[PDB]
């Protein structure tokens, strides 16, 4: 249906400060075409273990039962747009 942006972050993760603002850019670009699921790893440890989160930030892009891409590090809004387009075009 629509692309899920599963985003694991923490307040102690330095790169997540900019990652969070980059996610703001992404949402502005896509609107309701993208759904940001912003997850505080410290508040969701079991969910984190489920997706085998070992680094922050971790960004997982999903659409209709299939995972498009996963990044275990900072990714700019522009680069996120690129591989979304790369995987869906």
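Numbering follows the first chain given and starts at 1.
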| query | Given the B-factors recorded for C-alpha atoms, which segment has the greater mean, 54 to 62 or 30 to 38? | reply | 30 to 38
| field | residue 70, C-alpha B-factor rank within chain (lowest, middle or highest third) | value | middle
| note | Temperature factor at the Cα of residue 84, chain-ranked in thirds, falls in the middle
| note | Of the three thirds of the chain ranked by Cα temperature factor, residue 6 occupies the lowest
